[PDB]
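Chains as they are written, first to last, in the authors' numbering: chain A, 1 to 328; chain E, 1 to 328; chain C, 1 to 328; chain F, 1 to 175; chain B, 1 to 175; chain D, 1 to 175.
Don't be surprised by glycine CBs; every beta carbon is placed ideally from N, CA and C.
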Amino acid sequence: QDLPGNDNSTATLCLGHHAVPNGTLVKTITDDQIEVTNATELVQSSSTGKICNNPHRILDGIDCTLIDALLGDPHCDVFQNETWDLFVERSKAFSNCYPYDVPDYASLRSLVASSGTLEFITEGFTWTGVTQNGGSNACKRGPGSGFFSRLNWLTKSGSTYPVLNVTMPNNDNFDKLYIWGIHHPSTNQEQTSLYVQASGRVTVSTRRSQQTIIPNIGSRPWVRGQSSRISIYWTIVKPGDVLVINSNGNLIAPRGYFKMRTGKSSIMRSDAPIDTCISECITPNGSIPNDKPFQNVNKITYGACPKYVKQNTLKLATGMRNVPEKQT
Amino acid sequence: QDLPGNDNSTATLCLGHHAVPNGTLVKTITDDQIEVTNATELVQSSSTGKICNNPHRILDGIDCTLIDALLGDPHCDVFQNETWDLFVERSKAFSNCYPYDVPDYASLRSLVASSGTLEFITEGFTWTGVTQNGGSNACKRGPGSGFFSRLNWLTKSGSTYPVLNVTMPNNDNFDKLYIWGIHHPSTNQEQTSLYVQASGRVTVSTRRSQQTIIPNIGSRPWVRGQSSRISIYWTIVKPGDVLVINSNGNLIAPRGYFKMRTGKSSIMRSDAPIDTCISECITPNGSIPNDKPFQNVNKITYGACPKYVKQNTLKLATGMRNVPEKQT
Amino acid sequence: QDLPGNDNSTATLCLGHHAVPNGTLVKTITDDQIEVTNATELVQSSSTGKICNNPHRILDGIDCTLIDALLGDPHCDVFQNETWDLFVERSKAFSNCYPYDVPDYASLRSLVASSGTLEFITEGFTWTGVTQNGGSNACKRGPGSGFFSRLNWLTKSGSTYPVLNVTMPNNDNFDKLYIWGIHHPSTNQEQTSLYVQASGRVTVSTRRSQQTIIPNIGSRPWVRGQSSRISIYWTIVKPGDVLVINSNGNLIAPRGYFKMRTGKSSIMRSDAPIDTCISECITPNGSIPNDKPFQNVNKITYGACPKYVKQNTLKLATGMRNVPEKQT
Amino acid sequence: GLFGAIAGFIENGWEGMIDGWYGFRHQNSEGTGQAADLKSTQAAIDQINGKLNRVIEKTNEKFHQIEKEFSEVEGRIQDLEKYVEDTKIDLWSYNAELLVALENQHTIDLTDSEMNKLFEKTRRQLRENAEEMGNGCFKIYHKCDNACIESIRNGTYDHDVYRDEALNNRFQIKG
Amino acid sequence: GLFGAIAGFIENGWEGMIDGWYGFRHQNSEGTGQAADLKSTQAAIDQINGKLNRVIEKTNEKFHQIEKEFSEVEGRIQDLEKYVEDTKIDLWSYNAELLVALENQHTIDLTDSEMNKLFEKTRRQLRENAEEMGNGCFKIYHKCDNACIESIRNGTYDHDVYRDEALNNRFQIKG
Amino acid sequence: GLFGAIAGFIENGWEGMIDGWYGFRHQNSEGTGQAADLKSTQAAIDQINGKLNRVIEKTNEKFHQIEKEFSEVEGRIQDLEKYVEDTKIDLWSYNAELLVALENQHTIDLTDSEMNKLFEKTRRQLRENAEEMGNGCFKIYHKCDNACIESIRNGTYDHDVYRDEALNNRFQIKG
Ligand SMILES: *[C@@H]1O[C@H](CO)[C@@H](O[C@@H]2O[C@H](CO)[C@@H](O[C@@H]3O[C@H](CO)[C@@H](O)[C@H](O)[C@@H]3O)[C@H](O)[C@H]2NC(C)=O)[C@H](O)[C@H]1NC(C)=O
Ligand SMILES: *[C@@H]1O[C@H](CO)[C@@H](O[C@@H]2O[C@H](CO)[C@@H](O[C@@H]3O[C@H](CO)[C@@H](O)[C@H](O)[C@@H]3O)[C@H](O)[C@H]2NC(C)=O)[C@H](O)[C@H]1NC(C)=O
Ligand SMILES: *[C@@H]1O[C@H](CO)[C@@H](O[C@@H]2O[C@H](CO)[C@@H](O[C@@H]3O[C@H](CO)[C@@H](O)[C@H](O)[C@@H]3O)[C@H](O)[C@H]2NC(C)=O)[C@H](O)[C@H]1NC(C)=O
Ligand SMILES: CC(=O)N[C@H]1[C@H]([C@H](O)[C@H](O)CO)O[C@@](O)(C(=O)O)C[C@@H]1O
Ligand SMILES: CC(=O)N[C@H]1[C@H]([C@H](O)[C@H](O)CO)O[C@@](O)(C(=O)O)C[C@@H]1O
Ligand SMILES: CC(=O)N[C@H]1[C@H]([C@H](O)[C@H](O)CO)O[C@@](O)(C(=O)O)C[C@@H]1O
Ligand SMILES: *[C@@H]1O[C@H](CO)[C@@H](O)[C@H](O)[C@H]1NC(C)=O
Ligand SMILES: *[C@@H]1O[C@H](CO)[C@@H](O)[C@H](O)[C@H]1NC(C)=O
Ligand SMILES: *[C@@H]1O[C@H](CO)[C@@H](O)[C@H](O)[C@H]1NC(C)=O
Ligand SMILES: *[C@@H]1O[C@H](CO)[C@@H](O)[C@H](O)[C@H]1NC(C)=O
Ligand SMILES: *[C@@H]1O[C@H](CO)[C@@H](O)[C@H](O)[C@H]1NC(C)=O
Ligand SMILES: *[C@@H]1O[C@H](CO)[C@@H](O)[C@H](O)[C@H]1NC(C)=O
Ligand SMILES: *[C@@H]1O[C@H](CO)[C@@H](O)[C@H](O)[C@H]1NC(C)=O
Ligand SMILES: *[C@@H]1O[C@H](CO)[C@@H](O)[C@H](O)[C@H]1NC(C)=O
Ligand SMILES: *[C@@H]1O[C@H](CO)[C@@H](O)[C@H](O)[C@H]1NC(C)=O
Ligand SMILES: *[C@@H]1O[C@H](CO)[C@@H](O)[C@H](O)[C@H]1NC(C)=O
Ligand SMILES: *[C@@H]1O[C@H](CO)[C@@H](O)[C@H](O)[C@H]1NC(C)=O
Ligand SMILES: *[C@@H]1O[C@H](CO)[C@@H](O)[C@H](O)[C@H]1NC(C)=O
């Protein structure tokens, strides 16, 4: 096309890649620090310090544990029929009613914490031949002596305590949780003074199961002016089953049932403040964002959260190797 | 080799690779769907719907749970001395003898389910001073009243129930499982009527351990015309140890021992039909093939089975990328 | 530079890589044996057979289990106030004092094994109205009859066992472990002969918890000339709490408390010899080196140890593929 | 892929190539034609089967385990039984998900590798007698009849036999 | 990296190249200059984002689980609760540690791959008219004005257009 | 391997090469010679040791855990203790098995990579003065004495110094 020129000229083309003056060191299969152009952090390691109140229903227990709320300690009566996604228990919560212990407290705190509801329904139990509604000075309902708002302390009427034998069928289509208990007198005198008989007995049964407890007399440490204890127990009654409470002494009767739900509910011990904000992931240290795949804030979590890991930093290279000239 | 030609000719060679008109999308490290020439499914996600009866010894419990079979409910007497690799319990199984509860039922169902055998050996216990062989109308053995074929309800003779105190040494070279129990009368009158004493006691011991139970009187719900319950207990007696049964009331004595085996045996709750076919992997949904590495049918399995996973499809590319001719 | 030459000559350069006559086969993503130039074993699969006594404080239990050491069996009195990182229990250890059982033995062996100390502090309990310091011929302290060096068998004084009711506050800043027990008489006569009352009762409580046990009369197998048993129980008393022991019979009282530590301590059952050498990783089979990442010696380990794995060999290629020219 | 042959310099595949995975398409004065390369097809296939067998390697069998279904509410122990199985499942699900991802990624680069390896092998063989047209095609600069093409494909092509012809025909500069 | 382009035959990077990841500095008839290659920059970026999204893929949510903090000493059951959680954490920590290591390793080789792929693509295009200086620079043996450079970079360079010029200028042996 | 140098175009290894991993054998005016390349031998070795150290990285120590041996039959709790440990072991066994497989696969491709990298580096250096014989050997088309071979190996070979000699000797077409 063109003609043979008497001049000859070349060009130079060089390929290359960028570099930044400031790379990030990242780990690989063969090296423990190799500097790349850029990386992302994959470990969430800091909390807001605040439990966001959205989207899950947080319920702050304030100075009530969930079991006190359940039982109906006077100072916890605020929680009656409450409902939660996450119940938060505070470290400063205290009990302040009759001294009780719950054999397998930890399972009770779990069954109601997962149920998510404290909805109580009163049932008409007729206690024939005993003095209902007893209370104590250790559990003041205002000026007066009182008791747990959901239990019924039964004492002898006149001069006798009959053998109580009552039934309450589960005619509804749902499971019913009944909370009940037994009083352990501090002295053998207290036993007879209260329940007439020298040894009470409580047998709570269903067609599926039975449990009989005998009280145990003896001095325990003074707690709120009392050296006696009551112990709490629970009976789930299935639809179509029947509950038969039977006792000739020391029964702390149930006033009805708690409904049981199945759902995403749980309890968390935390002193972090609830605050108004949206956050899917709750940690005792406050909410954390779940945009990263792993977190190092706390192994206790509730909700859509990153996987807890021991590493506190794990950087994913999002760039080539940094091989700079030097510059500034 | 030859001399300069006058004609100039070239050829063209092109390398390439196949493509199919129908690729499969597969996932990678950098893409979530990339189309490859071919792939294999790695997640087994369907069952035959039938428990193949080969190679493992399936035993269909039909309307007997394993504990009823063990205890010897009349309607479960078919299972006496049976043996299984997998005992299958059906949802429709029912009990139909004297009302009983088993404290830690779940461990008892496990120890015998893994033992794999119901082989029972009768031992000559001599119960001196009591009426052996009691039964009840709640447990009809045909026309008549009866009881569990492996327990022995002991009642007073005339006006006396002595303190039973018997021994049975383990002279054999194997462990012996003894199943025994205690009757809880519904009334204080039933207690004396049956066992004379106001409170029975059962203490079952070996040189290694002891357990003493006291019955608990009280009305429980009517079940098969009974408001009393018996509770089942178990004692493994090691070779060279001795069993000492000791009671002055409410003992439901053992008629001998069950042999214990150690092996691949287990129990499964399933309503799938047993059928005749070979299959190494049993799932409550029926057998599944274990040619794939992972399965999504059911997390309960018995035998050589794929690892349960949440994914229901996971395709392994077994071919190159599909870059078809008739493009997009 | 120089002028065009009339001679012309070429050279040959060939690149290549070494090969060894003896490669090692190694596994990959696509092959199950491919021969590489060299590899390293990553599975530690052999023990010295000896538990090195360094750097962890091994304590050889010799013929004492930790619970016998705790309780104070005469033959285990060597261990009083001892301290360990790893307590090693030997298969031939035996007990040789009064027959006892520990309900939840396994948690007791765990709480003290992790505490790491047997430091006992005697407290001044005053048992008013009972005969202290009882012992038995089943527990000879030398020529004479004796008992566990840390328990105190209380028997009625004169012709009366009063109701014991004592307190011991935790005024110190640490948790206190109290070990106590209850005696189950073999006969109803033994009960009255020893404790006067027909049924004893022991209630041990703190402000946090309570436990009441009633003894259970009955013949158990002859063990060291005894058919009675004592059962061991434990109560941790928190700082600022109080212990209240209360009984009208069958109490085997505590002589004070064990201090509880929190630390790296544990117990191991092993018959391997302790020997003098340094080794971070203890296995029941003897120490093993933890230079490799995985081990196949034993899944029980204590200390800085390789991760137990089922594979007994896993070779990491540390060289290129072996493609020999002559080969073999 | 890492080598950039498949879906790279080789524009697209041949749906027509039904007899092998990799192959050769040509044009000489005798005509045109196509032939599969069976040696790299086997190489890619054996690696893919090697992968497969190792995944399909031994099932672990399990017999008596723990309960995984419960019909009543029990609290602490059942809570643990459910947590043990739930976290077991999540860990094995992660594992199966990461395994087919690494696996698939590697299958796409090893088949890309074989494509490029075939290409390079042909390149090396043709020596100074052909030029790379870039698109995965070589321009052979000398008379190459069907037996000549067959010798390139079967790996016997002697470049010296046509070097002077090709080399002249190649560097005869004129336009 | 596996290909040896980045931190390999290409000695070092250009801190000056602020408009793309891979690119072309040239020196010619009009003078010296530089331009980013946007097609391989996008190819490297899309693969890195593909990786990223898959890691940042669905969080699993969990609700009622087991207790992980205890205030009293209980023995056997609590011992197990602690062992289950402790070994869960160690397994997930291993997994996160192996994941970013394989991931990072692959990012370094895929960006190395793209560098080498760009290079090879330019090599192929220039055909007989340029020689590889080794250092990632081609010596173009013919007059190549700024639109000529533009056509190489935008993938339209016709090698025939300058073949005779280049080929002469290339093989004129004399020193 | 992915590059096809080792056990690929380089037919087999040299059991005789006892001083390095990769190397050069040559033939010239002064006779024949062999020499290890120490720079790629170090490159392959450092990567292999890098891998090794990271695997041999920190042991986790554990102290009081759960019982893993039982002498009596207990049922529900012991069943769980055995299930927790059993599934822990299976998960760590899978992990060790996948780890050495990915690791080994990568070692075979990174040593293959270094072989090919050395080769390519020599290729680039010799410029227009040598031809690839295919088998991993270059035919150097000019008088190359032992110091000439030394400069190729030590990376100082100036191709211009012998370009006209080589280029003539290369394209003098005649058979
Ligand atoms: C069994 O022994 C314990 C310990 O000696 C006895 O418990 C103590 O009982 C007294 C009252 O009888 C309690 O007194 C009260 O203490 C509070 C403290 O602030 C004070 O405000 C009251 O005015 C009164 O003094 C004492 O706290 C309690 N001690 C303990 C450790 O709980 C118990 O009474 C004995 N039981 C029998 C039946 O003898
Ligand atoms: C304690 O209270 C319960 C509830 O009132 C009493 O249980 C009931 O006892 C009667 C017989 O005394 C049972 O009668 C039977 O009813 C069934 C109904 O289908 C029928 O099959 C029988 O033919 C008979 O009529 C009744 O079922 C039973 N109820 C329950 C809920 O079990 C119990 O007797 C009281 N105990 C004492 C000692 O007072
Ligand atoms: C309840 O029944 C058991 C079994 O018959 C009785 O136990 C046995 O009691 C005798 C002593 O009364 C024990 O005798 C001892 O045997 C050992 C064997 O080495 C020997 O060294 C002693 O000198 C003595 O002779 C016998 O071992 C023991 N058997 C068992 C299995 O423990 C028990 O006495 C009965 N209880 C009552 C209150 O009747
Ligand atoms: C139902 C009943 O008896 N309540 C009484 C109790 C109990 O006798 C004791 O709590 C037994 O422990 O004693 C009081 O002195 C109290 O608590 O102040 C008065 C109270 O009305
Ligand atoms: C050994 C014995 O006493 N059996 C009798 C029982 C028991 O007295 C009750 O089951 C106590 O609960 O009562 C019956 O009326 C019954 O079951 O029909 C008759 C039966 O022969
Ligand atoms: C405190 C006490 O009573 N100790 C006595 C015991 C107990 O009566 C029995 O152990 C009850 O089981 O009996 C002995 O015969 C014994 O052990 O040799 C004598 C011993 O001094
Ligand atoms: C580093 O990578 C992250 C994720 O790809 C990205 O958001 C960020 O902008 C990158 N930084 C730069 C300077 O490109
Ligand atoms: C709780 O809910 C039940 C059901 O509607 C209701 O009857 C009861 O009175 C409620 N009690 C309180 C305190 O809200
Ligand atoms: C979260 O809180 C726990 C204790 O509540 C503490 O040990 C941990 O360091 C905290 N982590 C962060 C990131 O706040
Ligand atoms: C797809 O891959 C599987 C496993 O390698 C194989 O059995 C199947 O035949 C393949 N499909 C085709 C069309 O090659
Ligand atoms: C069960 O097996 C034993 C041992 O051989 C035998 O004596 C017994 O009679 C068998 N009973 C039944 C019902 O098969
Ligand atoms: C298996 O059965 C379970 C319940 O038995 C059910 O939830 C699951 O979806 C079934 N899966 C298949 C593949 O049948
Ligand atoms: C094999 O590899 C290990 C670990 O790199 C090393 O210590 C050993 O010396 C190597 N063997 C040889 C012959 O190089
Ligand atoms: C155990 O240690 C305590 C605390 O110093 C001491 O008073 C006691 O006497 C010691 N007893 C023995 C046997 O060492
Ligand atoms: C370690 O000992 C156990 C039992 O103590 C035994 O089963 C195992 O094979 C031993 N392993 C080695 C490497 O000694
Ligand atoms: C290769 O092609 C040549 C020429 O067509 C033929 O003669 C020879 O048999 C073929 N060689 C092989 C190894 O197939
Ligand atoms: C490439 O460069 C040529 C010459 O400068 C120009 O005319 C053409 O528009 C460019 N082509 C493309 C596709 O950008
Ligand atoms: C390379 O070889 C030349 C020629 O033999 C020699 O003079 C020079 O010192 C060597 N260079 C290096 C860097 O070793």
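Name the chain C residues that come within less than 7 Å of residue i, Cβ to Cβ?
| i | result |
| --- | --- |
| residue 188 (chain D) | Only positions 1 to 175 of chain D appear in the structure, and residue 188 (chain D) is not among them; the question remains open. |
Go ahead and pull the three-state DSSP assignment for residue i.
| i | result |
| --- | --- |
| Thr83 (chain A) | strand |
| residue 330 (chain E) | Only positions 1 to 328 of chain E appear in the structure, and residue 330 (chain E) is not among them; the question remains open. |
| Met115 (chain F) | helix |
| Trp222 (chain E) | coil |
| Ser247 (chain E) | strand |
| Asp77 (chain C) | helix |
| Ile18 (chain B) | coil |
So with CB distances below 9 Å, who are the chain E contacts of residue i?
| i | result |
| --- | --- |
| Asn216 (chain C) | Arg201, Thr203, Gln210, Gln211, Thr212, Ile213 and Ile214 |
Name, please, each residue of chain E whose Cβ falls closer than 7 Å to the Cβ of residue i.
| i | result |
| --- | --- |
| residue 414 (chain A) | Because chain A is modelled from 1 through 328, residue 414 (chain A) falls outside the range shown and cannot be assessed. |
task: Please specify which runs of the alpha helix (DSSP H), each continuous and at least 4 residues long, are wholly inside the segment 135-207 of chain A, giving them in chain order.
output: Segments of the alpha helix (DSSP H) lying fully in the segment 135-207 of chain A: 188-195.
field: Any 3 or more C-beta pairs closer than 8 Å across the segment 314-325 of chain E and the segment 14-27 of chain E
entry: Pairwise C-beta distances place the segment 314-325 of chain E in contact with the segment 14-27 of chain E, as three or more of them are shorter than 8 Å.
- prompt: Looking at chain D, which residues of the segment 284-309 of chain C have a Cβ within less than 8 Å of any of its Cβ atoms?
  reply: If the cut-off is 8 Å between Cβ atoms, the segment 284-309 of chain C has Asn290, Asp291, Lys292, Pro293, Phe294, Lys299, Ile300, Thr301, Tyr302, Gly303, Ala304, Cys305, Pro306, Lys307, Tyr308 and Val309 near chain D.
- request: Anything in the segment 9-22 of chain E with a Cβ closer than 7 Å to a Cβ of chain B? List those residues in chain order, please.
  value: For the segment 9-22 of chain E, which is checked against every Cβ of chain B, not one residue is closer than 7 Å.
field: the segment 103-132 of chain F: positions lying closer than 9 Å to chain C by Cβ
entry: Contacts with chain C (Cβ-Cβ distance below 9 Å) from the segment 103-132 of chain F involve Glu103, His106 and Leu110, listed in chain order.
field: Segment contact, 8 Å Cβ cut-off, at least three pairs: the segment 96-109 of chain D with the segment 23-40 of chain D
entry: The segment 96-109 of chain D vs the segment 23-40 of chain D: no contact.
- prompt: Unbroken beta strand (DSSP E) runs of length 3 or more, entirely within the segment 6-43 of chain E: which are they?
  reply: Whole beta strand (DSSP E) segments, 3+ residues: 11-17, 24-26, 34-36 and 39-41.
query: Got a sec: which bits of the segment 310-327 of chain A sit with their beta carbon under 9 Å from any beta carbon on chain B, in order along the chain?
result: Of all residues in the segment 310-327 of chain A, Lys310, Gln311, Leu314, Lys315, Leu316, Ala317, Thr318, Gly319, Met320, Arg321, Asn322, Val323, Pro324, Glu325, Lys326 and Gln327 have a Cβ within less than 9 Å of some Cβ in chain B.
- prompt: Could you give the uninterrupted runs of the alpha helix (DSSP H) lying entirely in the segment 29-112 of chain F, keeping only those of 4 residues or more?
  reply: Runs found: 38-55.
query: Relative to chain C, which residues along the segment 34-60 of chain F have a C-beta separation below 7 Å, given in chain order?
result: Taking 7 Å as the Cβ-Cβ cut-off against chain C, the residues of the segment 34-60 of chain F that qualify are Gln47, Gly50, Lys51 and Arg54.
- prompt: In chain order, what residues of the segment 160-190 of chain A put their CB closer than 7 Å to some CB of chain E?
  reply: Within the segment 160-190 of chain A, the qualifying residues are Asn165.
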